[PDB]
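> Sharing protein.tsv, TSV, C-alpha atoms and all ligand atoms:
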```
chain	number	residue	atom	x	y	z
A	177	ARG	CA	45.31	-19.97	-11.49
A	178	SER	CA	41.78	-19.52	-10.14
A	179	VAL	CA	41.50	-15.95	-11.41
A	180	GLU	CA	37.76	-15.97	-10.61
A	181	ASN	CA	38.11	-19.40	-12.23
A	182	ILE	CA	37.01	-21.56	-9.28
A	183	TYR	CA	33.40	-20.97	-10.42
A	184	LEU	CA	32.28	-22.26	-7.01
A	185	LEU	CA	32.00	-21.04	-3.44
A	186	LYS	CA	35.13	-21.24	-1.29
A	187	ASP	CA	35.59	-20.67	2.44
A	188	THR	CA	39.30	-20.01	3.11
A	189	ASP	CA	40.42	-18.52	-0.21
A	190	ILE	CA	41.44	-14.92	-0.80
A	191	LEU	CA	40.33	-15.57	-4.37
A	192	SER	CA	36.91	-16.46	-2.94
A	193	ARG	CA	36.79	-12.99	-1.37
A	194	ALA	CA	38.11	-11.37	-4.56
A	195	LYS	CA	34.59	-11.23	-6.00
A	196	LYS	CA	32.96	-9.69	-2.94
A	197	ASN	CA	35.75	-7.17	-2.38
A	198	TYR	CA	35.92	-6.35	-6.13
A	199	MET	CA	39.68	-6.30	-5.71
A	200	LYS	CA	41.22	-6.84	-9.11
A	201	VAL	CA	42.90	-10.12	-10.05
A	202	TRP	CA	44.71	-11.31	-13.19
A	203	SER	CA	46.92	-14.25	-14.12
A	204	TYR	CA	50.65	-14.08	-14.80
A	205	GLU	CA	49.87	-14.77	-18.45
A	206	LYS	CA	47.15	-12.15	-18.10
A	207	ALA	CA	49.76	-10.00	-16.34
A	208	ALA	CA	51.84	-10.20	-19.51
A	209	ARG	CA	48.67	-9.51	-21.51
A	210	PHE	CA	48.20	-6.25	-19.60
A	211	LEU	CA	51.93	-5.48	-19.71
A	212	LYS	CA	51.57	-5.55	-23.50
A	213	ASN	CA	49.87	-2.20	-22.92
A	214	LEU	CA	52.90	-1.13	-20.87
A	215	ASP	CA	55.59	-3.04	-22.81
A	216	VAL	CA	58.33	-2.82	-20.19
A	217	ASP	CA	61.72	-3.99	-21.45
A	218	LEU	CA	63.08	-7.28	-20.15
A	219	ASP	CA	66.36	-5.52	-19.35
A	220	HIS	CA	66.91	-1.80	-18.82
A	232	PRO	CA	79.40	-12.84	-27.87
A	233	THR	CA	82.56	-10.99	-28.93
A	234	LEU	CA	84.69	-13.90	-27.78
A	235	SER	CA	87.96	-12.31	-28.90
A	236	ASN	CA	86.92	-9.12	-27.12
A	237	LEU	CA	86.04	-11.20	-24.06
A	238	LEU	CA	89.50	-12.80	-24.09
A	239	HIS	CA	91.49	-9.60	-24.52
A	240	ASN	CA	89.30	-7.98	-21.85
A	241	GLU	CA	90.09	-10.88	-19.51
A	242	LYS	CA	93.67	-9.84	-20.20
A	243	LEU	CA	92.53	-7.16	-17.76
A	244	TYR	CA	90.91	-8.08	-14.42
A	245	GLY	CA	92.28	-11.60	-14.81
A	246	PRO	CA	89.67	-14.28	-15.44
A	247	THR	CA	86.16	-13.18	-14.54
A	248	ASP	CA	85.48	-16.37	-12.51
A	249	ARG	CA	85.64	-14.78	-9.06
A	250	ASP	CA	83.35	-14.21	-6.10
A	251	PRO	CA	80.60	-11.69	-6.96
A	252	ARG	CA	81.28	-9.73	-3.77
A	253	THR	CA	83.00	-6.55	-2.57
A	254	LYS	CA	86.34	-8.36	-2.23
A	255	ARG	CA	88.87	-9.19	-4.94
A	256	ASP	CA	92.25	-8.21	-3.35
A	257	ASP	CA	93.22	-7.00	-6.83
A	258	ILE	CA	92.02	-3.49	-5.92
A	259	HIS	CA	92.33	-1.36	-2.79
A	260	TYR	CA	88.70	-0.84	-1.80
A	261	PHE	CA	88.05	2.42	0.03
A	262	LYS	CA	87.66	2.08	3.81
A	263	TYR	CA	88.50	5.45	5.38
A	264	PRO	CA	87.45	8.97	4.33
B	177	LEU	CA	116.09	12.72	1.49
B	178	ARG	CA	114.65	9.28	2.25
B	179	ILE	CA	117.47	6.79	1.87
B	180	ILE	CA	116.32	3.16	1.84
B	181	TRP	CA	116.97	1.01	4.90
B	182	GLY	CA	120.11	-1.10	4.80
B	183	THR	CA	121.41	0.82	1.79
B	184	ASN	CA	122.93	4.15	0.80
B	185	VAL	CA	120.46	4.65	-2.06
B	186	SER	CA	117.92	7.46	-2.34
B	187	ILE	CA	115.36	6.85	-5.08
B	188	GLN	CA	114.88	10.46	-6.15
B	189	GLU	CA	118.56	11.37	-6.24
B	190	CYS	CA	119.60	8.19	-8.04
B	191	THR	CA	116.88	8.61	-10.67
B	192	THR	CA	117.93	12.23	-11.14
B	193	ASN	CA	121.57	11.25	-11.60
B	194	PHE	CA	120.77	8.44	-14.02
B	195	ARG	CA	118.60	10.73	-16.14
B	196	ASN	CA	121.40	13.30	-16.12
B	197	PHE	CA	123.89	10.68	-17.27
B	198	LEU	CA	121.54	9.48	-20.00
B	199	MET	CA	120.93	12.98	-21.35
B	200	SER	CA	124.53	14.16	-21.41
B	201	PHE	CA	126.82	11.22	-22.14
B	202	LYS	CA	129.39	11.48	-24.93
B	203	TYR	CA	131.93	8.79	-25.75
B	204	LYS	CA	134.71	11.39	-25.57
B	205	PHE	CA	134.32	11.18	-21.79
B	206	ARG	CA	135.14	7.47	-21.89
B	207	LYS	CA	138.07	8.30	-24.16
B	208	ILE	CA	139.30	10.77	-21.54
B	209	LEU	CA	138.98	8.14	-18.81
B	210	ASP	CA	140.78	5.70	-21.12
B	211	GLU	CA	143.55	8.30	-21.67
B	212	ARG	CA	142.88	7.80	-25.38
B	213	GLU	CA	142.24	11.45	-26.25
B	214	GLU	CA	144.55	11.15	-29.26
B	215	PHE	CA	141.93	8.79	-30.73
B	216	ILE	CA	139.04	11.20	-30.13
B	217	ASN	CA	136.66	11.17	-33.09
B	218	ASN	CA	134.82	14.28	-34.22
B	219	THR	CA	131.73	12.34	-35.29
B	220	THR	CA	131.01	9.58	-32.76
B	221	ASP	CA	132.25	11.43	-29.68
B	222	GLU	CA	130.08	14.45	-30.47
B	223	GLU	CA	126.91	12.39	-30.80
B	224	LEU	CA	124.98	11.47	-27.66
B	225	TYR	CA	125.49	7.74	-27.11
B	226	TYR	CA	122.60	6.59	-24.94
B	227	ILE	CA	120.02	8.97	-26.41
B	228	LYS	CA	120.73	7.50	-29.84
B	229	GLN	CA	120.69	3.98	-28.40
B	230	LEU	CA	117.29	4.66	-26.83
B	231	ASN	CA	116.11	5.93	-30.20
B	232	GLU	CA	117.04	2.77	-32.11
B	233	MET	CA	115.60	0.92	-29.12
B	234	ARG	CA	112.29	2.65	-29.84
B	235	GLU	CA	112.23	1.93	-33.57
B	236	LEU	CA	113.51	-1.65	-33.29
B	237	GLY	CA	111.29	-2.37	-30.30
B	238	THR	CA	113.74	-4.18	-28.02
B	239	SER	CA	113.19	-4.12	-24.27
B	240	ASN	CA	116.73	-4.56	-22.89
B	241	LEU	CA	119.47	-1.93	-22.64
B	242	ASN	CA	123.09	-2.91	-22.06
B	243	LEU	CA	124.95	-0.40	-19.89
B	244	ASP	CA	128.72	-0.14	-19.51
B	245	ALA	CA	129.52	0.72	-15.90
B	246	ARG	CA	132.80	2.35	-16.88
B	247	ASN	CA	130.70	4.87	-18.79
B	248	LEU	CA	129.08	5.67	-15.45
B	249	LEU	CA	132.58	6.09	-14.03
B	250	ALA	CA	133.35	8.47	-16.91
B	251	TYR	CA	130.52	10.84	-15.99
B	252	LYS	CA	131.46	12.94	-12.96
B	253	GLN	CA	127.86	13.42	-11.82
B	254	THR	CA	127.33	9.65	-11.58
B	255	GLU	CA	130.63	8.47	-10.10
B	256	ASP	CA	128.79	7.71	-6.86
B	257	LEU	CA	126.06	5.89	-8.78
B	258	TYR	CA	128.74	3.46	-9.95
B	259	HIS	CA	129.58	2.35	-6.41
B	260	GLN	CA	125.87	2.36	-5.57
B	261	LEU	CA	125.33	-0.02	-8.49
B	262	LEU	CA	128.09	-2.40	-7.39
B	263	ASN	CA	127.04	-2.50	-3.75
B	264	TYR	CA	123.26	-2.65	-4.34
B	265	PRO	CA	122.45	-4.61	-7.50
B	266	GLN	CA	118.71	-5.19	-7.30
B	267	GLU	CA	117.55	-1.80	-6.03
B	268	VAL	CA	119.72	0.24	-8.39
B	269	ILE	CA	118.87	-2.00	-11.34
B	270	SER	CA	115.15	-1.51	-10.70
B	271	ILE	CA	115.79	2.24	-10.42
B	272	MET	CA	117.53	2.12	-13.79
B	273	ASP	CA	114.67	0.18	-15.39
B	274	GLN	CA	112.09	2.70	-14.19
B	275	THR	CA	114.27	5.56	-15.39
B	276	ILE	CA	114.65	3.92	-18.81
B	277	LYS	CA	110.89	3.63	-19.17
B	278	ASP	CA	110.50	7.23	-18.04
B	279	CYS	CA	113.09	8.46	-20.52
B	280	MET	CA	111.55	6.51	-23.38
B	281	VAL	CA	108.07	7.91	-22.81
B	282	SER	CA	109.43	11.41	-22.18
B	283	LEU	CA	111.45	11.35	-25.40
B	284	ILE	CA	108.38	10.27	-27.36
B	285	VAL	CA	106.26	12.99	-25.76
B	286	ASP	CA	108.73	15.86	-26.15
B	287	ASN	CA	109.23	15.35	-29.88
B	288	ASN	CA	105.47	14.72	-30.28
B	289	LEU	CA	106.29	11.64	-32.34
B	290	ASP	CA	103.41	9.96	-34.15
B	291	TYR	CA	104.45	6.65	-32.57
B	292	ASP	CA	101.83	5.56	-30.05
B	293	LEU	CA	102.67	5.32	-26.36
B	294	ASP	CA	100.37	2.33	-25.85
B	295	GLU	CA	103.19	-0.18	-26.35
B	296	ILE	CA	105.83	1.84	-24.52
B	297	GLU	CA	104.10	2.21	-21.15
B	298	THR	CA	102.88	-1.39	-21.22
B	299	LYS	CA	106.35	-2.75	-21.99
B	300	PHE	CA	108.91	-3.58	-19.31
B	301	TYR	CA	112.46	-2.35	-19.90
B	302	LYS	CA	115.54	-3.97	-18.40
B	303	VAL	CA	119.04	-2.62	-17.83
B	304	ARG	CA	121.91	-5.10	-18.15
B	305	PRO	CA	125.20	-3.70	-16.82
B	306	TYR	CA	128.61	-5.10	-17.65
B	307	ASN	CA	132.32	-4.25	-17.49
B	308	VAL	CA	131.83	-3.85	-13.74
B	309	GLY	CA	135.38	-3.72	-12.46
B	310	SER	CA	137.84	-6.60	-12.28
B	311	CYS	CA	137.41	-10.34	-11.75
B	312	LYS	CA	139.18	-11.15	-8.45
B	313	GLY	CA	138.32	-14.81	-8.94
B	314	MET	CA	136.14	-16.80	-6.57
B	315	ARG	CA	138.69	-17.83	-3.96
B	316	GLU	CA	138.93	-14.14	-3.06
B	317	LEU	CA	135.23	-13.35	-2.55
B	318	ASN	CA	134.60	-13.06	1.19
B	319	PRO	CA	131.08	-13.47	2.63
B	320	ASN	CA	130.79	-9.69	2.92
B	321	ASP	CA	130.46	-9.60	-0.89
B	322	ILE	CA	127.03	-11.26	-0.94
B	323	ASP	CA	124.62	-9.47	-3.30
B	324	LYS	CA	127.15	-7.41	-5.22
B	325	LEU	CA	128.04	-7.20	-8.88
B	326	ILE	CA	130.96	-9.45	-9.80
B	327	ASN	CA	132.67	-10.11	-13.11
B	328	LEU	CA	133.53	-13.71	-13.98
B	329	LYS	CA	135.15	-15.24	-17.05
B	330	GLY	CA	135.52	-18.91	-17.83
B	331	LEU	CA	134.49	-21.88	-19.92
B	332	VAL	CA	130.90	-23.14	-19.99
B	333	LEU	CA	131.21	-26.84	-19.20
B	334	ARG	CA	127.62	-28.04	-18.83
B	335	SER	CA	124.17	-26.51	-19.27
B	336	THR	CA	121.13	-28.02	-17.57
B	337	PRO	CA	117.74	-28.30	-19.31
B	338	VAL	CA	115.10	-25.60	-18.87
B	339	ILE	CA	113.73	-25.71	-15.32
B	340	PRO	CA	110.27	-24.14	-14.89
B	341	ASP	CA	110.08	-21.67	-12.01
B	342	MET	CA	106.71	-20.95	-10.43
B	343	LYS	CA	105.55	-17.34	-10.61
B	344	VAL	CA	101.81	-17.49	-9.87
B	345	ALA	CA	100.10	-20.31	-7.99
B	346	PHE	CA	96.56	-21.29	-8.94
B	347	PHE	CA	94.88	-22.61	-5.80
B	348	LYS	CA	91.27	-23.60	-6.45
B	349	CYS	CA	88.51	-23.71	-3.84
B	350	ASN	CA	86.72	-27.04	-4.19
B	351	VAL	CA	83.47	-25.82	-2.65
B	352	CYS	CA	82.62	-22.44	-4.17
B	353	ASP	CA	85.20	-22.49	-7.00
B	354	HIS	CA	87.03	-19.48	-5.55
B	355	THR	CA	90.10	-19.68	-7.79
B	356	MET	CA	92.55	-17.17	-6.34
B	357	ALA	CA	95.92	-16.58	-8.00
B	358	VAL	CA	98.82	-16.04	-5.60
B	359	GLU	CA	101.91	-14.30	-6.93
B	360	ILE	CA	105.25	-15.36	-5.48
B	361	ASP	CA	107.10	-12.73	-3.44
B	362	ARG	CA	110.71	-13.26	-2.33
B	363	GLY	CA	110.35	-16.93	-3.25
B	364	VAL	CA	107.42	-17.53	-0.88
B	365	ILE	CA	103.83	-18.62	-1.53
B	366	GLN	CA	101.21	-18.11	1.19
B	367	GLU	CA	98.31	-20.57	1.19
B	368	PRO	CA	94.81	-19.32	2.07
B	369	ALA	CA	94.11	-21.06	5.37
B	370	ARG	CA	90.40	-21.24	4.57
B	371	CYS	CA	88.33	-20.22	1.57
B	372	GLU	CA	89.04	-16.55	0.94
B	373	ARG	CA	85.36	-15.99	0.18
B	374	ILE	CA	83.31	-14.97	3.21
B	375	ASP	CA	80.15	-16.87	2.26
B	376	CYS	CA	82.12	-20.08	1.63
B	377	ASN	CA	84.71	-21.11	4.22
B	378	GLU	CA	86.33	-24.53	3.81
B	379	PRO	CA	90.05	-25.01	4.55
B	380	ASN	CA	90.16	-28.36	2.72
B	381	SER	CA	88.60	-26.85	-0.42
B	382	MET	CA	92.08	-25.78	-1.55
B	383	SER	CA	93.97	-28.10	-3.90
B	384	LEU	CA	96.73	-26.51	-5.94
B	385	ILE	CA	96.45	-27.02	-9.70
B	386	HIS	CA	100.01	-27.61	-10.88
B	387	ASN	CA	99.24	-27.43	-14.58
B	388	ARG	CA	97.44	-24.07	-14.65
B	389	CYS	CA	100.16	-22.13	-12.83
B	390	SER	CA	102.26	-19.67	-14.80
B	391	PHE	CA	105.96	-20.51	-14.86
B	392	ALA	CA	109.18	-18.83	-15.95
B	393	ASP	CA	112.38	-20.11	-17.50
B	394	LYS	CA	115.38	-20.99	-15.36
B	395	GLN	CA	118.63	-22.55	-16.54
B	396	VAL	CA	121.65	-23.44	-14.41
B	397	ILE	CA	125.00	-23.17	-16.19
B	398	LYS	CA	128.16	-24.78	-14.83
B	399	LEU	CA	131.04	-22.36	-15.40
B	400	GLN	CA	134.67	-23.29	-14.73
B	401	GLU	CA	136.56	-20.10	-14.03
B	402	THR	CA	139.79	-19.09	-15.76
B	403	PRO	CA	140.75	-16.14	-13.56
B	404	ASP	CA	143.38	-13.69	-14.71
B	405	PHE	CA	145.25	-14.40	-11.46
B	406	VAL	CA	145.65	-17.77	-9.73
B	407	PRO	CA	146.98	-18.30	-6.19
B	408	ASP	CA	149.67	-20.85	-5.48
B	409	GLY	CA	148.52	-24.44	-5.83
B	410	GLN	CA	144.88	-23.68	-6.66
B	411	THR	CA	143.10	-26.14	-8.91
B	412	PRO	CA	140.39	-24.66	-11.16
B	413	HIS	CA	137.06	-24.07	-9.44
B	414	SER	CA	133.58	-24.54	-10.87
B	415	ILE	CA	130.79	-22.07	-10.10
B	416	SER	CA	127.08	-22.41	-10.88
B	417	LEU	CA	125.57	-19.54	-12.84
B	418	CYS	CA	121.79	-19.20	-12.84
B	419	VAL	CA	120.34	-17.40	-15.85
B	420	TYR	CA	116.72	-16.33	-16.20
B	421	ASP	CA	114.13	-15.46	-18.86
B	422	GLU	CA	115.63	-14.55	-22.25
B	423	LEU	CA	119.22	-15.53	-21.39
B	424	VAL	CA	118.12	-19.18	-21.14
B	425	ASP	CA	119.60	-21.43	-23.86
B	426	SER	CA	122.03	-18.71	-24.94
B	427	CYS	CA	125.37	-20.05	-23.65
B	428	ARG	CA	126.46	-23.38	-25.13
B	429	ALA	CA	129.01	-25.83	-23.78
B	430	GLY	CA	132.54	-24.86	-24.74
B	431	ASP	CA	131.85	-21.14	-25.07
B	432	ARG	CA	134.46	-18.95	-23.39
B	433	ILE	CA	132.30	-16.22	-21.86
B	434	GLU	CA	132.65	-13.30	-19.48
B	435	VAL	CA	129.65	-13.00	-17.18
B	436	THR	CA	128.53	-10.32	-14.74
B	437	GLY	CA	125.87	-10.79	-12.12
B	438	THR	CA	124.86	-10.86	-8.48
B	439	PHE	CA	126.90	-13.00	-6.08
B	440	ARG	CA	124.23	-14.80	-4.06
B	441	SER	CA	124.13	-17.26	-1.18
B	442	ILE	CA	121.27	-19.62	-0.34
B	443	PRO	CA	120.79	-22.10	2.52
B	444	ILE	CA	120.94	-25.75	1.49
B	445	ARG	CA	118.50	-28.14	3.13
B	446	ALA	CA	119.99	-31.11	4.98
B	447	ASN	CA	117.63	-33.68	3.47
B	448	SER	CA	118.23	-36.04	6.41
B	449	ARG	CA	115.42	-34.26	8.29
B	450	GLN	CA	113.02	-32.18	6.23
B	451	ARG	CA	112.86	-28.40	6.74
B	452	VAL	CA	116.26	-28.32	8.45
B	453	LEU	CA	118.91	-26.15	6.80
B	454	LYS	CA	122.69	-26.41	6.92
B	455	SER	CA	124.54	-23.45	8.41
B	456	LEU	CA	126.99	-23.36	5.50
B	457	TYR	CA	125.43	-21.48	2.60
B	458	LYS	CA	125.86	-22.58	-0.99
B	459	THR	CA	127.13	-19.78	-3.23
B	460	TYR	CA	125.93	-19.18	-6.78
B	461	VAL	CA	125.71	-16.28	-9.22
B	462	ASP	CA	122.61	-14.79	-10.76
B	463	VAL	CA	123.41	-13.67	-14.30
B	464	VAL	CA	122.49	-10.27	-15.72
B	465	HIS	CA	124.74	-9.97	-18.80
B	466	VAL	CA	126.81	-12.37	-20.91
B	467	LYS	CA	129.60	-11.21	-23.25
A	501	ZN	ZN	84.89	-21.33	-1.40
```
In structure tokens, how does this file's structure come out?

Amino acid sequence: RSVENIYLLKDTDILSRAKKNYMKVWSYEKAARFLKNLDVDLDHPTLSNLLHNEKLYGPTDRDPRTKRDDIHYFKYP
Amino acid sequence: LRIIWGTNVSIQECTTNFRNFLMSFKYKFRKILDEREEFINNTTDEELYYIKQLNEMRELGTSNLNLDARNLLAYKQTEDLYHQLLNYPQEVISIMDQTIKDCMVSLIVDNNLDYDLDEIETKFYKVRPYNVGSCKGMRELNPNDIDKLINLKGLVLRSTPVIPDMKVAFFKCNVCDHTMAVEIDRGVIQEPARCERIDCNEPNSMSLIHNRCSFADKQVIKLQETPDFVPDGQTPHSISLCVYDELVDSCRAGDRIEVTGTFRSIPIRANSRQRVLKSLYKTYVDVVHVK
């Protein structure tokens, strides 16, 4: 908000200085508007497949860390 | 090289000998050991017994192979493996299972059979020996014969219901839902003292979920022996067989069976004070094969 939208003088706002410094400002919706020019992808189901893949690894409900004890993680050279 | 501790078994040598016996066994050898050479057949004796058996094992898809120990005695190269099998049941049986899997996959590969190896390597093969020597009864088994193959024959009196046996515990962390599965090793389960996650650490977060554990069959069979020899003034004795997995619900009351298995001994807890064990061990028999 207040992308040169205050329409009034302000004393302790960086957006008040944005006019005098000319330093460009958009909104997040306006950020998406400009990204339309860029169009960057958001990212860079098979339930039976999910089940028979959980046959491997066990259930996937584990700690998202570097430890599972189901695999000898490399420590030494 | 590299014999196992407490045993006379070397993994490499025993696997080599078992493969040799599998490749080059002919029933004529057993006929020779039976002194029945006048009954030698030209057809069956010529054919390779266990190679053929492994073949029909492959097509049928079974996972258990029944081995006659006297066949091992017949083969000169594996005469020592016979005694190794009697004295060391579990190790030698595992050796045999691994060798069976190896031989199956090798036989598929060598002939370049169209049959896929996906099932074979994933499957687990078991070796069930039998005809392991004489009976000797149970009055004659000294404590030095713990964990050895014994041959017992008798009448099945009573058969208990199926008793679930825990294989994998399913402790659940209350706090961060760190559900770790603990396999049982040598009949022992080790509880995580705290939460095994590093970020979350709460010892009281563990509460074992009984229902989501994975169990295995166990059936106790009461067998009253009918030994071939009976000492003076000895009333019949009852021994407690303990079958596992597929053998459960196989032997019915009143069946006259001959059973081979591992002669075990387990401490019995004096329930007067918990976690205090009697110095006299109860004796039972794990069952590997039933005839
Ligand atoms: Zn936790």
> List as a PyMOL selection string the protein and nucleic acid residues near segment 241-256 of chain A, meaning an atom at most 12 Å away when all atoms listed in the file are counted, but skip any in the same chain fewer than 3 places from it.
(chain A and resi 234-238+259-262) or (chain B and resi 346+348-349+352-359+371-376)
> Out of B:377, B:438, B:336, B:383, which residue has the shortest atom-to-atom distance to ligand ZN 501 (chain A) when counting all atoms listed in the file?
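Going through B:377, B:438, B:336, B:383 one by one, the smallest distance to ligand ZN 501 (chain A) is for B:377.
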> Separation of atom CA of residue 362 of chain B and atom CA of residue 296 of chain B, in Å?
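Separation between atom CA of residue 362 of chain B and atom CA of residue 296 of chain B: 27.3 Å.
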> Which value, in Å to one decimal, gives the distance between atom CA of residue 265 of chain B and atom CA of residue 325 of chain B?
6.3 Å
> Find the residues with any atom within 10 Å of (139.2, -5.5, -13.8); use all atoms listed in the file and the coordinates as given in the file, and write the answer as a PyMOL selection string.
chain B and resi 307-312+326-328+404
> Please report as a Markdown table every residue of segment 218-289 of chain B lying within 12 Å of segment 461-465 of chain B, along with the nearest atom pair and their distance in Å (one decimal), using all atoms listed in the file.

```
| residue | atom | partner | partner_atom | distance |
| --- | --- | --- | --- | --- |
| B:240 | CA | B:465 | CA | 10.5 |
| B:241 | CA | B:465 | CA | 10.4 |
| B:242 | CA | B:465 | CA | 7.9 |
| B:243 | CA | B:465 | CA | 9.6 |
| B:244 | CA | B:465 | CA | 10.6 |
| B:265 | CA | B:464 | CA | 10.0 |
| B:266 | CA | B:464 | CA | 10.5 |
| B:269 | CA | B:464 | CA | 10.0 |
```
> One decimal, Å: what's the distance from atom CA of residue 208 of chain A over to atom CA of residue 194 of chain A, could you say?
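Here the two named atoms are 20.3 Å from each other.
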> For residue 190 of chain A, please output as a list in words all residues within 12 Å (counting only C-alpha atoms; exclusion window: fewer than 5 positions along the same chain).
residues 178, 179, 180, 182, 185, 195, 196, 197, 198, 199, 200 and 201 of chain A
